[PDB]
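Novice: These protein sequence lines map, in sequence, to chains B and A.
Quick note: the first sequence uses PDB author numbering, first residue 1, plus one each step.
Quick note: the second sequence uses PDB author numbering, first residue 1, plus one each step.
There are 2 protein chains.
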Amino acid sequence: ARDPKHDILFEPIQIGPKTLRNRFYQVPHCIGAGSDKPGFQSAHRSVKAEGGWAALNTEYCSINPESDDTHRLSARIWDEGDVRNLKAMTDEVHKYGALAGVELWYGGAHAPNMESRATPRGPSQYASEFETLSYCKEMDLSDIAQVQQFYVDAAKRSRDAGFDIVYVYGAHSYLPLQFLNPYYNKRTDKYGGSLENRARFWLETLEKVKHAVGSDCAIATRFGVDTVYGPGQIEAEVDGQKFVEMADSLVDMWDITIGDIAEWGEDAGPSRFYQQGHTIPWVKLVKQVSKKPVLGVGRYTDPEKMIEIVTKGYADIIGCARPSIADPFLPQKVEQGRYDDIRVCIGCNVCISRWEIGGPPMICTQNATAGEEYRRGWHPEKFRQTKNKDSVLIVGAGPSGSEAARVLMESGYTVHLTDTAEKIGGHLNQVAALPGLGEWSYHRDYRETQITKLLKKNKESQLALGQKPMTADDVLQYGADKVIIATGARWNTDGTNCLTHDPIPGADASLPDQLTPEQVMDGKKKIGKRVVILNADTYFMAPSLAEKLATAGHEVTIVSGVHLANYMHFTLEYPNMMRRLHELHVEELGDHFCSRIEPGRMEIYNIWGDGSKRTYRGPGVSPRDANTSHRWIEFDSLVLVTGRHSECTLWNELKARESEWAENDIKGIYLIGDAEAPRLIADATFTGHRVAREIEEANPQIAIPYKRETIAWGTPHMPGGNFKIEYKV
Amino acid sequence: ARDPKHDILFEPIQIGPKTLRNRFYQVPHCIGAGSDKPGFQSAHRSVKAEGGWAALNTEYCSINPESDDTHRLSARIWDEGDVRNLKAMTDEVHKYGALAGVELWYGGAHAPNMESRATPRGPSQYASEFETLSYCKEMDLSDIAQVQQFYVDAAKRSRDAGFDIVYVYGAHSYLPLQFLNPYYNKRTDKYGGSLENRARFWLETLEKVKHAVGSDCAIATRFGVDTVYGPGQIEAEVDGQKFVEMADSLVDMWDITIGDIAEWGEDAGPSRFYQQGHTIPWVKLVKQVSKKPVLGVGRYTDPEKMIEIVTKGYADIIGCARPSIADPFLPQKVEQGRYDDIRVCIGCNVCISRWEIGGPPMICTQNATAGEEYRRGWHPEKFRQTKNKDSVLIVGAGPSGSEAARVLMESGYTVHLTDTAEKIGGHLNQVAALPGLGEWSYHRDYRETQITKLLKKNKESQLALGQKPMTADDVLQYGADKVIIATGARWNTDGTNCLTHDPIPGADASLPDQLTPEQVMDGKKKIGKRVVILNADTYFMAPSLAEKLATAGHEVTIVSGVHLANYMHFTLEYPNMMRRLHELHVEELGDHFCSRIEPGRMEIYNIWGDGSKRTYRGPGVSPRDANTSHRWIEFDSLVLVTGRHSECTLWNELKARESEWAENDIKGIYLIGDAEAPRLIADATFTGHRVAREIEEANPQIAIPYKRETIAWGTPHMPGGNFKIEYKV
Ligand SMILES: *c1c(C)c(C)cc2c1nc1c(=O)[nH]c(=O)nc-1n2C[C@H](O)[C@H](O)[C@H](O)COP(=O)(O)O
Ligand SMILES: *c1c(C)c(C)cc2c1nc1c(=O)[nH]c(=O)nc-1n2C[C@H](O)[C@H](O)[C@H](O)COP(=O)(O)O
Ligand SMILES: Nc1ncnc2c1ncn2[C@@H]1O[C@H](COP(=O)(O)OP(=O)(O)O)[C@@H](O)[C@H]1O
Ligand SMILES: Nc1ncnc2c1ncn2[C@@H]1O[C@H](COP(=O)(O)OP(=O)(O)O)[C@@H](O)[C@H]1O
Ligand code: SF4
Ligand code: SF4
């Protein structure tokens, strides 16, 4: 049953001329879709429609080629081709009976424009503190009118397109905010200086937009009421409130955030430094001056926390991004009181990783159909159920094999899931024990919860933890019709890395002063005063261990032969990770690899130590001047973080005797998770999702094709244009 | 007319079943188009077809979703949608009586596969030394059969798609090379170890591909004969020749490069460390051993150097890429001995900078239409002539106005080009005067050369150099019909950067210990022993200056508040620019910005000094713990590299008086190049390309729409496929 305290959550609300069925709102967020992947765009929001979110929005949407985000992908609404492709989504959000917003964006010099080549305009000439090579032109007054018309234009085309909501997107430090904020705005004419100068641009723009589609579409704005930068940018209690005050008659809805563009990690809080509701203290302050509907994200996945912020008159509605990617159905689950079925977004930000890399599609570590709803046509809550009696053994119940079973059992199969560990989760279990990552548990937590639930519903199906590792004999004699090995990967023992692809001589972590991140993480093996983490890994492992050990008070140097924490730049984690390693006085030696380990001693080298000029030096002979900077650093205990390898020992074995599966009634064995290859957690979890959804194809071991959304020669993006080559002569 | 030494160059050559008209052929290279931009692909290759090149290739072309390079773009030949889409270009190469090649690609784990999410295979389990989180699974021997299949399936569809040439791509360290090359191959079986095993993989592959389309299609290999690593990886005189030996019977033509993946710069040599023919030593060794046609890139632009390398039997053919982007017509310009009309690629590698960021189109610093041949139908050698007697004043003869001149005059306009510099070229004049960048002059060299010849043909046109800078009133009373201001930008003088967008306290390069990048390059200002360069810019200025000063024997520390030479990463400049800064004992202080300059001394700070824990702290205070890292360093002379700004003074003047333009018979004034806003040279040059082409539209100052290559809803990529959502249930 729905706990009736949550009723509050299903009460409509008025937003201008528009009505939100309920409180659950998907704010604008990218997905790797834009106007360019109209399949993928429609499907992924429409399931959240069907899932019962109230309003769904496109990601930030460009009003004009002089705000082009390439290499990133944004959405666009430049022409009637765009109004085509975005309408696919509106119709589709419509048929389920919520609303379609579209987020009107121009971002000035934050748009590098690498496709459109055009020149970006701003309040003042600057160069982006994010695309640092990309400068704007200073708008004169005629530039102020032409760009504003831009939005108008774009607001019209938004209505043709079928949007029920339009925004003047003023967050993450894009145009309207750049005017407002003195950081950017060095104008001394009437658009600058006085608080009502600064906000004229936006104030104007808002009005123009209202005038434009005001009577058919609610105009909302998003606004970044505090920059969390302090004095010198927007402060909520300085410019923030006041601005709210000056706008309020224009807005149908506020949509609130804090942060800029360069470290929007602060909006999209890592669970590694932010909890739920993080934003609230600055969220709150907006109701205390607005007389209008106010929502404001903050990784709100808990309906308890949801009701708090409404019954305490801190928001009116619930703004979500990530959590809607995790679980497009999270509302109808809350409406249906199905509390345990809710897939909790972990704050891992892989989802922001893809978009932030420039091009690839979003993927997600809980929701493996995210990105997969058009092109693979996987629905997150409906599954093809089997038309046989077939059964599956799954070895190992980590991300990979646990999704494996989740999906299969949801598919109706008969499954036996076994692992040698005592609990569901494979290596997530240590991972979540690293400082900060405690909310990454959630990913086995949800699995443990559903397999348990799935077992009462399949009667043959079986969970078995605490088992004796399986052998290939147990396996061939097991009686599953099919077998999924999902046995994992371990840190490399031997200094094997991405640079050399061979072992570091004198690396081996059976020796007393030499650790893996398993041994550091198990907590048994003893750890010397002086530590050196030898790092070949660009993702979280290294920094994190660093944090751990430092906080346990060792003296810490990371030797890095790769750019440390590079991945993290992309999950929005990097700022606060660095500041953090600073704070704990963690020493970083970059651009530095290692050539032999000895007790208490390792030989390290700068990777740009070779010679700058390349000569044909004949065979047997380096064609640079050789690298002469190697030097010997000591350590109590060395922690290798060099690479990882697949544990495919059993699968080696099962493969070797693949000749006996046929007598054993085994129709196939498939490899998945880290055991095929070391992958993201997300990607681990997909490979399970896949073999499952695909257990019935010829070779499940390999994916079947998926829709591709790429252009067909002889078809005009533009309606009724010439596809043909056409030179201007 | 054609110096007859050069006829050699137009002598046809046999390649298996296929005939090359002449010895000018464009090897495989990326443009940012692949399968996804078939207008673009077709056109950009067709005009090189029209221009006389004999065989044109697609860029690296994917055989299968488990080699996807997203977020990079490569081509695809995965199904019918692809065959259609690649067809357009083969049809279009064909109409000019040239060949169409397609380079068949598998990458193994250098394919991050972020679109497809699939798992890539190799000879051995590794993690790419490039895409460091992306690992492959190790082929069993069925794996070995499956992958080769792929090549075959792909090579048939190659044929359906209308290609004349099919490669087995083995360069830059992709799959084939990954077997052959022990750095990757750790197999102990019949695929591994001996030389005969290591080539097995390629060897079979080539076979089956020949068996597959051998009859209709030239089978090419591209092969990396030395990795330019030394022993341990491939050496020419070790396995290189020996490999060529083994293969020689299958291969209709060698295509030789040197280098790996993670630093392929060495193949695509920067003119800042490679001169023309740089590859030869290792290129020539191939002939020694081969009985087949051999070509081998080395940025050949010079027909002399061209005919050196054939007569010396070092090559049989001429392979370019870059020069082919530079001048699609280069050969019909050799052929027509119109040597002064050939646009020499300067080896700035900006072209490879877009592909390498991953997603954007290529663009080029000498050729403004590259990329621009489909979606804006600009042809590199054909201009829409003017239908009036209008005249243009252009103020400033730099990349941007000089390109503006060159195109306008080519379009029949009467132009008068004024610049207070002595020589055509604006800032590139200094910039070519940096260590290594001597080959960048070519980019003015070529326009001085065409404006001088255009004058002769357009008799009232005029060039005037060494003039008094124009004033607002000169311009008004100048009588041009329209005016182009192309006045430039300058390094910023007061410590204005992209991190505060404010000037630093105590920077001013009127003081005798503080210099700008112009002052430095001029060689006038005296510079003291110890130097700090305070860098905000992520391109070549800083490092270059460092290079020069150091080699002037000052003592050198780079302070950088951004990541130094980030761009150069993407030009493939970075490694050798590092080892160079290394060899010259140049000091690097990164993640360090500055808050105060005094005479002899500056106050710098760690950008990760602030605290990690963000609390709401009320207005007017920092919400992190404040930064306590500030500390003073000394210098004799300080070099500001902190940003740049637009010289827009004249323009702010002419527009204040826009009122009096009509009185003065001025229909408009348009602003371009750095003066509108600070941009690469490429871009600055494009801006001038653009206002020319478009001198006759509404508002020149703003570009017209170009065709876009995005999918239109309801049209399937797949022939006869379903565009509509369809979930699997
Ligand atoms: C892209 C990505 C995937 C993420 C997850 C967020 C995001 C993305 N693109 C956005 C954009 O187009 N415009 C915009 O205004 N916001 C965009 N977002 C951020 C999102 O809307 C939220 O503000 C944050 O994720 C924080 O809230 P929450 O997800 O914790 O609920
Ligand atoms: C892309 C870019 C634009 C550059 C010019 C080189 C290049 C690019 N993409 C390639 C890819 O598709 N596969 C491949 O094997 N090589 C690729 N290259 C290299 C190009 O083929 C040449 O090997 C070098 O550029 C040097 O040639 P040159 O331009 O000096 O004549
Ligand atoms: N012999 C096997 N039998 C049962 N479990 C195994 C066996 N080999 C490895 N495991 C288990 O496999 C799981 C592998 O998990 P993990 O690293 O998280 O891989 P993945 O991330 O892809 O799921 C672990 O819990 C480990 O206990
Ligand atoms: N006021 C002026 N009158 C004449 N020439 C000018 C004037 N102001 C600047 N210039 C010229 O403008 C050119 C600007 O060119 P440059 O900085 O190279 O711009 P870009 O990179 O856009 O080509 C410089 O060569 C300088 O000659
Ligand atoms: S990738 Fe992680 S943070 Fe993002 S929506 Fe998914 S579970 Fe949430
Ligand atoms: S960008 Fe530079 S290296 Fe490239 S084709 Fe153009 S001139 Fe050549």
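Just so it is clear, CB atoms sit at the ideal spot from N, CA and C, and this is done for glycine as well.
Which same chain residues end up closer than 6 Å to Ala262(A) when comparing Cβ atoms and leaving out the 5 residues on each side of it in sequence?
Specialist: For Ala262(A), where only same-chain residues beyond five positions count, the Cβ hits under 6 Å are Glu129 and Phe130.
Novice: Using a beta-carbon distance cut-off of less than 9 Å, what residues from the stretch 61–79 of chain B approach chain A?
Specialist: Per Cβ criterion, the list reads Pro65, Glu66, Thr70, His71, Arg72, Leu73, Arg76, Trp78 and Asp79.
Novice: Return yes when at least one heavy atom of ligand 6 lies under 7 Å from the C-beta of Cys30(A), else no.
Specialist: Flag unset: Cβ of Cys30(A) not near ligand 6.
Novice: Starting from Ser646(A), find everything on chain B with Cβ-Cβ shorter than 9 Å and list it in chain order.
Specialist: Within 9 Å Cβ-Cβ: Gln125, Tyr135, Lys137 and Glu138.
Novice: From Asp226(B), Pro293(B) and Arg322(B), pick the residue whose C-alpha is nearest to that of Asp252(B); which is it?
Specialist: It is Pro293(B).
Novice: Output the boundary residues of the beta strand (DSSP E) element that contains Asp153(B).
Specialist: That residue, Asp153(B), is in no beta strand (DSSP E); its alpha helix (DSSP H) goes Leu141 to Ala161.
Novice: Would you tell me roughly how many angstroms separate the C-alpha atoms of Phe10(A) and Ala33(A), rounded to the nearest one?
Specialist: About 30 Å.
Novice: For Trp713(B), return the contacting residues in chain A, with the cut-off set at a CB-CB distance below 7 Å.
Specialist: The contacting residues are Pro38, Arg84, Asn85 and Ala88.
Novice: Who are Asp255(A)'s beta bridge partners in DSSP?
Specialist: Partner(s): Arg222(A) and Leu295(A).
Novice: Taking buried to mean at least 16 other C-beta atoms within 10 Å of its own C-beta, is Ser215(B) buried or exposed?
Specialist: Its Cβ having fewer than 16 others within 10 Å, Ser215(B) is exposed.
Novice: Select from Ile352(A), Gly523(A), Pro517(A) and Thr551(A) the residue whose C-alpha is nearest the C-alpha of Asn535(A).
Specialist: Answer by Cα proximity: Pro517(A).
Novice: Leaving aside the five residues before and after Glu588(A) along the sequence, list all residues of the same chain whose C-beta is less than 8 Å from its C-beta, in chain order.
Specialist: For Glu588(A), where only same-chain residues beyond five positions count, the Cβ hits under 8 Å are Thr557, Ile558, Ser560, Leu564 and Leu581.
Novice: Would you verify that the beta carbon of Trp608(A) is, or is not, closer than 8 Å to some beta carbon of chain B?
Specialist: So, interface residue.
Novice: Quick check: the Cα distance between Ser67(A) and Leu408(B), rounded to an integer number of angstroms?
Specialist: About 28 Å.
Novice: Where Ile15(A) and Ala218(A) are concerned, what is the direct C-alpha to C-alpha distance, given to the nearest angstrom?
Specialist: Near 6 Å, if we compare the C-alpha coordinates of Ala218(A) and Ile15(A).
Novice: With which residues is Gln514(B) paired in a DSSP beta bridge?
Specialist: The partner list for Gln514(B) (beta bridge, DSSP) reads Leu638(B).
Novice: Which class does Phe593(B) belong to by DSSP, given the choice of helix, strand or coil?
Specialist: Strand, per DSSP.
Novice: Could you please give the first and the last residue of the uninterrupted beta strand (DSSP E) stretch that includes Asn535(A)?
Specialist: Note, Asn535(A): beta strand (DSSP E), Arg530 to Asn535.
Novice: Select from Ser441(A), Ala433(A), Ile533(A) and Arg447(A) the residue whose C-alpha is nearest the C-alpha of residue 747(A).
Specialist: Outside the displayed range of chain A (1 to 729) lies residue 747(A), so it cannot be described from this structure.
Novice: Could you tell me the alpha carbon to alpha carbon distance between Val344(B) and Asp164(B), rounded to whole angstroms?
Specialist: Going by the C-alpha atoms only, they are around 29 Å apart.
Novice: What in chain A is Cβ-close to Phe329(B), meaning under 7 Å?
Specialist: Under the 7 Å cutoff, chain A gives no residues; its nearest Cβ is about 14 Å from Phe329(B).
Novice: Note down the Cα distance separating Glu266(B) from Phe273(B), rounded to an integer number of angstroms.
Specialist: The alpha-carbon atoms of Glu266(B) and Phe273(B) are separated by roughly 9 Å.
Novice: State buried or exposed for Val168(B), treating a residue as buried only when at least 16 other CB atoms are found within 10 Å of its CB.
Specialist: Per the 10 Å Cβ criterion, buried.
Novice: Compare the Cα-Cα distances from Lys37(B) to each of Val27(B), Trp53(B), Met89(B) and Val225(B) and report the closest residue.
Specialist: Considering only alpha carbons, the answer is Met89(B).
Novice: Tell me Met602(A)'s beta-bridge partners as DSSP assigns them.
Specialist: Per DSSP, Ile597(A) and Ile633(A).
Novice: Just verifying my parser: in three-state terms, what is the DSSP assignment at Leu203(A)?
Specialist: In the structure shown, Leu203(A) sits in a helix (DSSP, three-state: H, G or I).
Novice: By how many angstroms is the C-alpha of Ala692(B) removed from the C-alpha of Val483(B)?
Specialist: Approximately 11 Å, taken between the alpha carbons.
Novice: To test your reading of the DSSP string, which unbroken beta strand (DSSP E) runs of 3 or more residues are found completely within the stretch 404–476 of chain B?
Specialist: The qualifying runs are 414–418 and 462–464.
Novice: Between which two residues does the alpha helix (DSSP H) carrying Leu650(A) extend?
Specialist: Per DSSP, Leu650(A) belongs to the alpha helix (DSSP H) from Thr649 to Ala656.
Novice: Nearest CA to the CA of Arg679(A): which residue from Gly436(A), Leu428(A) and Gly668(A)?
Specialist: When each option's Cα is compared against that of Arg679(A), the closest is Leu428(A).
Novice: Using 8 Å as the threshold, is the stretch 380–388 of chain A in touch with the stretch 91–102 of chain A, meaning 3 or more CB pairs across them?
Specialist: The stretch 380–388 of chain A, when compared against the stretch 91–102 of chain A, does not touch it at the 8 Å Cβ threshold.
Novice: Here's the rule: buried if 16 or more other CB atoms are within 10 angstroms of the residue's CB, otherwise exposed. What is residue 733(B)?
Specialist: What is shown of chain B runs 1 to 729, which leaves residue 733(B) out entirely.
Novice: If you drop the 5 nearest sequence neighbours on each side, which residues of the same chain put their C-beta closer than 8 Å to that of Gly39(A)?
Specialist: These residues qualify, in order along the chain: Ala88, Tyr374, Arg375, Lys707 and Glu709.
Novice: Taking 7 Å as the cut-off, does the CB of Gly401(B) come closer than this to any heavy atom belonging to ligand 3?
Specialist: Yes, the Cβ of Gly401(B) comes within 7 Å of a heavy atom of ligand 3.
Novice: Less than 8 Å between the beta carbons of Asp153(B) and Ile63(B), yes or no?
Specialist: For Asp153(B) and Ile63(B), yes; Cβs fall inside 8 Å.
Novice: For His569(A), is the beta carbon positioned less than 7 Å from some heavy atom of ligand 2?
Specialist: No, the beta carbon of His569(A) sits no closer than 7 Å to any heavy atom of ligand 2.
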